[PDB]
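A look at the structure
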Amino acid sequence: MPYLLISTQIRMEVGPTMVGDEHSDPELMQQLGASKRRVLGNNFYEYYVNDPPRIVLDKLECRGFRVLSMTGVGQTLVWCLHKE
Amino acid sequence: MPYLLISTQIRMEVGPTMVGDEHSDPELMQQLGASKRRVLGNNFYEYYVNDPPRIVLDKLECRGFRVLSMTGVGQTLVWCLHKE
Amino acid sequence: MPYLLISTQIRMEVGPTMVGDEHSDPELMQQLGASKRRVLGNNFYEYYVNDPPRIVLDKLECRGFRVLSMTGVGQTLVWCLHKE
Amino acid sequence: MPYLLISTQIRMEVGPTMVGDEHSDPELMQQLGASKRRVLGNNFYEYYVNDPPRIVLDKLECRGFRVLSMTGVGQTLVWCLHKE
Amino acid sequence: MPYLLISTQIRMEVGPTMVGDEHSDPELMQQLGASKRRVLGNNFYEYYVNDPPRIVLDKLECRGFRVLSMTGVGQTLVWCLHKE
Amino acid sequence: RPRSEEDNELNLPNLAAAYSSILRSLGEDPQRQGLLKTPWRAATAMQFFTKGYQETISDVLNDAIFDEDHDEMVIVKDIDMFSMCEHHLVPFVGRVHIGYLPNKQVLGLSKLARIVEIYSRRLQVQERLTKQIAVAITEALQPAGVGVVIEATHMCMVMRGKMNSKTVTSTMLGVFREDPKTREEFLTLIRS
Amino acid sequence: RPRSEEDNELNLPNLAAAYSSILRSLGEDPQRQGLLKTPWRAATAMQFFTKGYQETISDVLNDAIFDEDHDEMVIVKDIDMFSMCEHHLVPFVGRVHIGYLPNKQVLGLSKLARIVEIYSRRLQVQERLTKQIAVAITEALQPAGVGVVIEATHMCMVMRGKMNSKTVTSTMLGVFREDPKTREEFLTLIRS
Amino acid sequence: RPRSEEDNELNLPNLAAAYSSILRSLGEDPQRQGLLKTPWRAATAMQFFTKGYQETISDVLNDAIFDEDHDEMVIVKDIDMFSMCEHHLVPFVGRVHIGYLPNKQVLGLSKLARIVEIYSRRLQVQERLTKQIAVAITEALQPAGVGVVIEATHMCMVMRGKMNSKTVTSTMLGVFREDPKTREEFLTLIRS
Amino acid sequence: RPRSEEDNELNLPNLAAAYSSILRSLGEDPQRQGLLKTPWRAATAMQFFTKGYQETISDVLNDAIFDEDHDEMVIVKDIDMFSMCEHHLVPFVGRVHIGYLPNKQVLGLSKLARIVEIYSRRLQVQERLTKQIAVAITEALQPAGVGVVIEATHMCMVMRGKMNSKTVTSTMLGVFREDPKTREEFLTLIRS
Amino acid sequence: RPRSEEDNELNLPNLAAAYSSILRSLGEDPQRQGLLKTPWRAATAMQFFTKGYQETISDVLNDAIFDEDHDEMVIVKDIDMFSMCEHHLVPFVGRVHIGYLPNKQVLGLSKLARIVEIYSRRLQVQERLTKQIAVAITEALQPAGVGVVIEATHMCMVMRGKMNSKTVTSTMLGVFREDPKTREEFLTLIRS
Amino acid sequence: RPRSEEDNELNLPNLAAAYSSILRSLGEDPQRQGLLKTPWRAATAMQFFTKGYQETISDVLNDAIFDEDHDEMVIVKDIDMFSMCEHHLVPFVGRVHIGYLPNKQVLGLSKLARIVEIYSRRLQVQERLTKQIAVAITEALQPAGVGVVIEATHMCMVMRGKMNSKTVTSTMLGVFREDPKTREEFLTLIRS
Amino acid sequence: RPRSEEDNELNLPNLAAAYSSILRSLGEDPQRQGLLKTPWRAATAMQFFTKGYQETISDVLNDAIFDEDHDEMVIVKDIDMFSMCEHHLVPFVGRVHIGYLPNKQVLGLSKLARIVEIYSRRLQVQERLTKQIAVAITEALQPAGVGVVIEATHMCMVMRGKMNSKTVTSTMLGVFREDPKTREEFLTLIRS
Amino acid sequence: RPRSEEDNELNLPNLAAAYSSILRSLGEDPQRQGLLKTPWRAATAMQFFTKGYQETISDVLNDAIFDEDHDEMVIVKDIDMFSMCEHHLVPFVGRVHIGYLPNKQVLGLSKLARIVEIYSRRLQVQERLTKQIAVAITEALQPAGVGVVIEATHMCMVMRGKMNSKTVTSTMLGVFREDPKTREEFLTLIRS
Ligand SMILES: N[C@@H](Cc1ccccc1)C(=O)O
Ligand SMILES: N[C@@H](Cc1ccccc1)C(=O)O
Ligand SMILES: N[C@@H](Cc1ccccc1)C(=O)O
Ligand SMILES: N[C@@H](Cc1ccccc1)C(=O)O
Ligand SMILES: N[C@@H](Cc1ccccc1)C(=O)O
Ligand SMILES: [K+]
Ligand SMILES: [K+]
Ligand SMILES: [K+]
Ligand SMILES: [K+]
Ligand SMILES: [K+]
Ligand SMILES: [Zn+2]
Ligand SMILES: [Zn+2]
Ligand SMILES: [Zn+2]
Ligand SMILES: [Zn+2]
Ligand SMILES: [Zn+2]
Ligand SMILES: [Zn+2]
Ligand SMILES: [Zn+2]
Ligand SMILES: [Zn+2]
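This paragraph deals with the overall build of chain A. The helix and strand tally for chain A stands at 2 helices and 6 strands. From first element to last, N terminus to C terminus, chain A shows the α and β order β-β-α-β-β-α-β-β. Radius of gyration (C-alpha) of chain A: 12 Å, near the 12 Å computed for a compact globule of 84 residues. Taking the principal axes of its C-alpha atoms as reference, chain A extends roughly 35 × 25 × 20 Å. For chain A, with 84 residues in total, the buried portion stands at 57%. Of the contacts formed within chain A by residues at least 6 apart in sequence, a portion of 53% connects residues at least 24 apart.

What follows is the structure, encoded as structure tokens:
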């Protein structure tokens, strides 16, 4: 599992920060302190964290990930990280 | 065929994920488990997968591709990968 | 002439693909099979191709270009390539 | 703290430039001459500077940061920098 | 002054191209043939050029800059270049 | 357990009695010719206004759900609705606007109406009424998304000054929540 | 004897009790956080709607009645009015239009408003409300004539199908009754 | 003899059969999933549109007729009405406007609505519908006069080119017929 | 095989018979002067409402398709349309709004109208009608994109309470589907 | 002798020729792809606009005239009409408003429409068109009176500056002429 | 070569002759007092409707083009326009909306009007008319962009059923084509 | 003697000179590029606004006056009219409404327009303009009566605070003056 | 140097003399009783229309500029404005819409009005008027941005055919120019 996708909305200096989908690594999610849930109406689960994206990026570096690309889409700011 | 383009819409933690066009490598498409189709009104075929983009990115790494750039356009999140 | 800019609109799996401006390399444009034109109302010429961007990216690699960045702006998906 | 996020709005050749969140490095913020504040209605603090983003990028290089990715989202232009 | 930001609007194959702000290097601006101005209503000066961004990117390479990232924001296409 | 016709018959006298009591407590004469039948008419009226309790989405679910293999937005707007303020027991009136992106399954107008009827005919709070209708449609069609907008006037507020003042609530699910374009199109096609 | 503030305080608990009973008889839980204070709010709301009982035209009479020695038609239209249907205890809303041919004595807007307030805030029947307002004005001014027109929508009818359906009543006294020209002019100057 | 619920049950199959036959005669496939239940839904719909046959003014007469000793014009306007053209069996829709000069006896909105419902839910002709409502009100109140106005759009004419074209019919009895002033006032008060 | 004029002549008697049967099943007298010719008038009317079955897009295709080498959005809005609900055989009426991005080929108003006529004059479902018109236009012009929007009122729903309630359906093909800007502009240019 | 279908076929070529000539006289090229079929389309269009010449009130007379023994005013308003100015051969458009006091005999909407159709689809003058329709109705019903009002916009005038300017004509026969009250009521019931 | 006054004088008789012929082919009497001068009035009218042929953008070009060194969007909306359908020679009427982003040069209202006049007063096709007006403005100002929107009703379609149905065409050049924000703003400022 | 085209050519320079003078007297620079041609454009504009002096009712009289032996009221309303206040030389704009009871002779729209044009394009006073139009029509038709109503806004008043304030004038001759019924009908048919 | 009250008194005669001359050049009699005072009234009127010259933004600047430390968009819409066309000296009228993003400093309605007054009461060109108002506001508040929209009707164009045709100009500075979101919001809040 070398690729990771995290994101935040509206403002970057505050969370929540989406850190995973239904098929994400349970350990990594746990290490990040992420919670799981399925928003009413949505057909999928998501892992989130209340930390600002910066914090999550630092934590992810410790686990061996590096930011490859960052982009905006809608009101969502997304980061694509790669491990090994 | 060194370049690849995949994408997803509205939300990143869930599919479908567009993985190819009419002139895409049949084997790779097969390896990904992609289906082919032409949406009514459109003048082109497309290969898609029900997996979330993260999954497809991991699978693509195994076949030798690396994410060069990720960008948002409209409500579409796109990834440009390169092999060799 | 180390830098190149190409783009496509609305959908990525089909052309046309814009591959050059009025001051683009005639040979490269020819090698790509691009046509030249000036849309009524516009004050500039443009070189385009009916191929999907993926095809153009592969052809460009053969001529020594590499994608440095890809981004969306409006309904236009753009690629910035670099040669040497 | 290897990752940094800065941004500016509407126009890039003039500030203000957001350089930090509530959990940012106080020393770095001070070195940049940033001010802190919490806009009425917002549930978070932010560090800003009146310099244009270019100036902030140069100053950040001196402290060991490099721009990894730049992206637009809404009317906000964001830079993701990495140190070590 | 290792970082540079240039941009263009609406269409990429034609200028003008913004190449600097009030605190930009006068020599570089001169080398590019940029003009300075302050649009009525704006509280800042800007350096622009009538060349298409492609031309400016080539000229910039000669002076030692390399494109690190390209992104779209609003109807503005932006390039972030780095020297040394 | 949903309310039953028996419950109504067994409770009518209790309601009637309460209203008769209310008439006296107001300073009126429950004996006036004009007030004689009032306790029953009032009780019956209130039972009608709350007849939504004696029903469930299930009674509607199965019935009419044809498959025209449709997969594009369907909207039904300007659906009149009448409900009761649960805080003052005074009615609030307005219109409901619905939209959904079908996943092959489409909803008949008759069923849609019934859904709105079930939840609006109860002691309510506008936001709850909005969510219940949206969720009910979501469960009856398993659609890609659904949106519900309600605008209403509250008599409990109007009869204290207002008749022009309106409250607007909405509930967006699925693509209606995640895709700003869908939400915009929906709000454009209804705000006519 | 007109209702007093003491009566309200003495009866509020009775009203609150009746409403708490009604909540149970409907199948609701008087314990829900959303219903806890409902018996009192409802009771308070109902007292407000019937506060017209605790007043009389006398309390208004004397006060503001200036003599501008005016002897030509005076009209006050589009006066919002809220009342309660005495048959179902559901409100009926609308507007009141008044006109009168003064015999030197003119009525202040403030007093006029109070007169409409006094009779509308009671359990009513549109025709009676119309007559009472008209007679009240007649007694307060001893005018050459007076006309009152009311158009309303009955919630008790609307919430059973109507919101557009309106009832119009009128009472024409004095010259407003005997002179067709005065009646016509009045209807012309209000039907704008 | 008025139509009965039994008649409906006994004739539903006959209606269903006729509609199934019509489907075939039109070139359609009564077997399509979308048409399977059509013969019954069509039959039920047609029975609903003609349910006025199973009622009489009598069933309404007695009930609600209070005496507020009122003797001035009462109007109820903008009453929605839906009927069926007896020549083509296509519906014609519109509004009904009623007015009457009571002779002490007043008619409740509920009963008024029922009277309009009884005659409009039949195979009709706008002029007959107008007269029947007028006479029904006359018999139920023995008033000094009554007026009924109906404006409608005929689908059978519209779906052949019209949607804006409207037929207006009226029936004026008693003082509504003999007194031009009463007639005028009535038309003024409804044509708003 | 499309319905033919012969089919109509051969089936008219069957239709007539069915309607005469329906008249009896409702409790009416097929002998009344007013009902005598109804079986035929109803049958003819029903054949008119479904005359779209005796046609195909082909009969329209070739005719008027001029090439003004136009490549920008063309819109024809507020096209009146009358159809029949296939579930109750009651008509649903409204307007159709069309837009397309020509690929050199433009469609004449006459042909456009005919296309809407062919599919609307059948037993329909609003969503199907919408898609059929969109696809017909696509096949007749091979355009870069097309959009169709229909808003309608269902009589089968109206005559059960509604006349204001409207259903909005849409079908977006090509650039109309993929480009949110084209979709927005289209909705802006029609929602006037 | 009314115009016949044969006449049209025999004259189409003459009309086509005249238009082809007009095209040349204007400076246009009758050969352009866009103009090739114009001579015939123009000729056909003009025959359509004047098809009222090939009919008479007789063809309509007998058919639909039911006797509901109605003797009160019947009104059909907002009837769209299109005609041609006999002076410039440019169309003038508008609405027709009809009213009549039946002497037992009533006119069906279908026949009414045809009457307006017959006279309006001719080279006309608004006042003649108005009288002809009124007289036609008089002869077909032998009514106590009839009124016709037409309001139109003349293209021959609009395309020379106007689109808002309107001409209003009327023809009042029988009681509509002699009784000001009948006339007033009619104008009241149509000017809505 | 543009049409000249001489051409008109030399062709009037040919036109007149053709129209007189048309009158006979329709079944009319060219001798009626009301038709005597029709051939000339028709001929003159048709020359007026096509007077745009005797002009060119050049005659307007030079004149009024002041330089207020303006570089922001200028809009002129609700410009009435009357044209002729080249397929049926029946007029199509509507409004033209113009917008442009000046490159220092601004266009006077007078000239703008003339430009619309020149192309609309010809045998036309809505799309062509739209493009010609846009291109003419582009040539007379060398602007950064321009947009033209036309909405119209086609008499040739209306007088065959429609008056409410409208065709909307547009031509977007320069920034109006390439910048969605400019296009949106333009459509926002005209769709008022 | 009516003003002639020669007079205009001979006086244009005098007018131009006056306006050039006015420009200086105001503090402006007659030399500005924007003002250079103003003296002539202003002079020409002022001659256009007063071109009614170079004409007489005679030039219109004979021409178009057909005899349809019509003897019922004919109305032409909402005729735009622009004039100049003779006191401030600032325009006052509005609408003219005309009605007449023909004595066999009818007036063409073209002539009517010309009559309004002749008198309004002069330095005027609203009441005179009204009377002149009425008298002109009377002389051109020898009718049984005629009515003219003008409603206008005065720019000389508006540009000093008003744009909503309107002046209404009327001139009633013949039956329009003596018969209150005719007058009422006229005002009813125009005040729409 | 701004115009002064002395200038007016010294130039009034000049203006009056010029107008007296104009009256003669038109063919009128400067002696008519109705014309005697016209030369001065016209001169006074023209001075009023151009009184904006005798003022400067400075006279307004200092006065009312309170600091409510406001930093969100402030809008003042539907500001009536009257100006003069510098090419024909005919007035063009309309509304001004202003918006600005304050940088702590806010502008009083009184001052805003005066700014619009200063520039509109001059010989103008709509685009200049628009820019001058925008720049004036910018200088008076040093705001983050400002937007100005003006829609007007030109009498010089209207009195030559138009009254409905409107010209819309805008000037967006600061964030109003650079941020499309701000611009959109502004247009949304004014286009009501
Ligand atoms: N909401 C910001 C953009 C943004 C979104 C999400 C994260 C960060 C920034 C804007 O409107 O410009
Ligand atoms: N729906 C997201 C954008 C998005 C699209 C696709 C993937 C991820 C995000 C938004 O509008 O904020
Ligand atoms: N049209 C896509 C965006 C897109 C544009 C161009 C290329 C690819 C995707 C959307 O609205 O989401
Ligand atoms: N005008 C492009 C966006 C764009 C801006 C700048 C450069 C290139 C493209 C669009 O609307 O899709
Ligand atoms: N405001 C710019 C986008 C932009 C935002 C922020 C910084 C720079 C540019 C536009 O709308 O085109
Ligand atoms: K966030
Ligand atoms: K997805
Ligand atoms: K593409
Ligand atoms: K900034
Ligand atoms: K550019
Ligand atoms: Zn409440
Ligand atoms: Zn009631
Ligand atoms: Zn019928
Ligand atoms: Zn149905
Ligand atoms: Zn004419
Ligand atoms: Zn045509
Ligand atoms: Zn004046
Ligand atoms: Zn001008």
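A few words on the domain arrangement of chain F. Many structure descriptions define interface size as the accessible area lost when the parts assemble. All names here are of chain F. We note that the domain assignment places domain 1 (1-60) and domain 2 (63-191) within chain F. Distance between the C-alpha centres of domain 1 and domain 2: 28 Å. The interface of domain 1 with domain 2 comprises 12 residues on the first partner and 13 residues on the second. Both faces combined, the contact of domain 1 with domain 2 buries some 1300 Å², and carbon together with sulfur accounts for 60% of it. Summed over the shared surface of domain 1 and domain 2, the number is 2 salt bridges. Of the charged contacts in the structure, one is a salt bridge between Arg 114 and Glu 55, with a shortest N-O distance of 3.5 Å. Of all the secondary structure elements, the ones that give two or more residues to the side of domain 1 that touches domain 2 are α2 (38-49) and α3 (57-61). Tallied by class, residues from the side of domain 1 that touches domain 2 come to 6 nonpolar, 3 polar and 3 charged.

Contacts between the two partners involve 5 residues from chain I, matched on the other side by 4 residues from chain B. At the junction of chain I with chain B, the criterion picks out 0 salt bridges. Summed over the shared surface of chain I and chain B, the result is 0 residue pairs in polar contact. Contributing elements (two or more residues each) for the side of chain I that touches chain B: β7 (166-174) and α7 (175-178) of chain I. Residues that form the side of chain I that touches chain B fall into these classes: 2 nonpolar, 1 polar and 2 charged.

The subject of this paragraph is the interface of chain K and chain J. Each side of the interface is counted separately: chain K has 44 residues, and chain J has 44 residues. Summed over both sides, the interface between chain K and chain J buries roughly 3900 Å², with carbon and sulfur atoms accounting for 71% of that surface. On the chain K side of the contact with chain J, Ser 25, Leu 26 and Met 159 of chain K bury the most area, a combined 19% of that side's loss. Our enumeration of links across chain K and chain J arrives at 2 salt bridges. Taken together, the connections running from chain K to chain J amount to 11 residue pairs in polar contact. The set of elements that each furnish at least two residues to the side of chain K that touches chain J consists of α1 (5-26), α2 (38-49), β2 (74-85), β3 (91-101) and α6 (155-158) of chain K.

The next subject is the relation of the copies chain K and chain J. For the pair of chain copies, the relating operation is a rotation around an axis with a shift along it. For these two chains of identical sequence, chain K goes onto chain J by a turn of 180° and a shift of 0.0 Å along the axis, with RMSD 0.1 Å. Here the copies are linked by what is in effect a two-fold axis. Residue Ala 18 of chain K, judged by its C-alpha, is the member of chain K lying nearest the rotation axis, at 2.5 Å. A shared binding surface is used by both copies, with 100% of the interface residues of chain K retained as interface residues in chain J.

With that out of the way, let us pick up the side chain of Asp 179 of chain K. Residue placement: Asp 179 of chain K occurs in the loop between α7 (175-178) and α8 (180-190). Of the side chains bearing the opposite charge, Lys 181 of chain K lies closest to the buried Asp 179 of chain K, which forms no salt bridge; the N-O distance is 7.0 Å. Separated by 2.8 Å, the side chains of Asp 179 of chain K and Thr 182 of chain K make a polar contact. Those residues in contact with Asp 179 of chain K that lie beyond four places of it in its chain are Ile 10 and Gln 75 of chain E.

In this section: the environment of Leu 173 of chain H. All names here are of chain H. Within the fold, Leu 173 resides in strand β7 (residues 166-174). Taking the C-alpha atoms as reference points, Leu 173 and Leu 189, separated by 16 residues in sequence, lie 17 Å from one another. Sequence-distant contacts of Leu 173, defined by excluding residues within four places in its chain, comprise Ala 134, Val 135, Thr 138, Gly 145 and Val 146.

To continue, consider the site of ligand 5. Close to ligand 5 lie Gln 9, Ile 10, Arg 11, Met 12, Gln 75 and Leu 77 of chain D, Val 73, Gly 74, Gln 75 and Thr 76 of chain E together with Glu 178 and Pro 180 of chain M. More than one chain reaches ligand 5: the nearby residues come from chains D, E and M. Between ligand 5 and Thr 76 of chain E, the relevant distance is 2.6 Å, taken from an oxygen atom to a side-chain nitrogen or oxygen of the residue. For ligand 5, the accessible surface in isolation is 330 Å², of which the surrounding protein chains cover 94%. Counted by class, the shell around ligand 5 contains 5 nonpolar, 5 polar and 2 charged residues.

Turning our attention to the UniProt feature "binding site: Zn(2+)" in chain F. Feature annotation in UniProt places "binding site: Zn(2+)" on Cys 85, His 88 and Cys 156 of chain F, given in this structure's numbering. With the annotated positions falling across 72 residues, the maximum pairwise C-alpha distance of 7.5 Å places them together in a single cluster. Within the fold, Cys 85 of chain F resides in strand β2 (residues 74-85). For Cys 85 of chain F, the residues in contact, after removing those within four places along its chain, are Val 90, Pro 91, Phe 92, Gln 124 and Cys 156 of chain F. For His 88 of chain F, the location among the structural elements is in the loop between β2 and β3 (91-101). Once residues lying within four places of it in the same chain are set aside, the contact partners of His 88 of chain F are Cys 156 and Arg 160 of chain F together with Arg 41, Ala 42 and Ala 45 of chain G.

So, about the coordination of the zinc ion (ligand 15). Only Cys 85 of chain J (SG), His 88 of chain J (ND1) and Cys 156 of chain J (SG) from the protein coordinate the zinc ion (ligand 15), and they sit 1.8 to 2.2 Å from it. Judged by its relative accessible area of 6%, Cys 85 of chain J is buried.

Calculation notes
- Residues numbered from 1 in each chain as written, not as in the entry; some residues may be left out.
- Chains lettered and ligands numbered in written order.
- Part of a larger assembly, values for the part shown.
- Heavy atoms only, no water.
- Helix = DSSP H or I, 4+ residues; strand = E, 2+ residues; numbered from the N terminus.
- Rg over C-alpha atoms; globule rule 2.2 N^0.38 Å.
- Buried < 20%, exposed > 50% of the residue type's maximum accessible area, 1.4 Å probe, protein only.
- Contact = heavy atoms within 4.5 Å.
- Domains from an automatic or database assignment.
- Buried area = accessible area lost by both parts, 1.4 Å probe.
- Salt bridge = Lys/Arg side-chain N within 4 Å of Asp/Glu carboxyl O.
- Nonpolar A, V, L, I, M, F, W, Y, C, P; charged D, E, K, R; others polar.
- Polar contact = N/O pair within 3.5 Å; in protein donor to acceptor, adjacent residues only side chain to side chain.
- Least-squares fit on C-alpha atoms.
- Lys, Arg positive; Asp, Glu negative; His and termini not counted.
- Near = heavy atom within 4 Å.
- Areas by Shrake-Rupley, 256 points an atom, 1.4 Å probe, with all protein chains shown as cover.
- UniProt positions renumbered as here; feature names shortened; annotations may be inferred.
- Donors = N, O, S within 2.8 Å, 3.2 Å for Na, K, Ca; no water.

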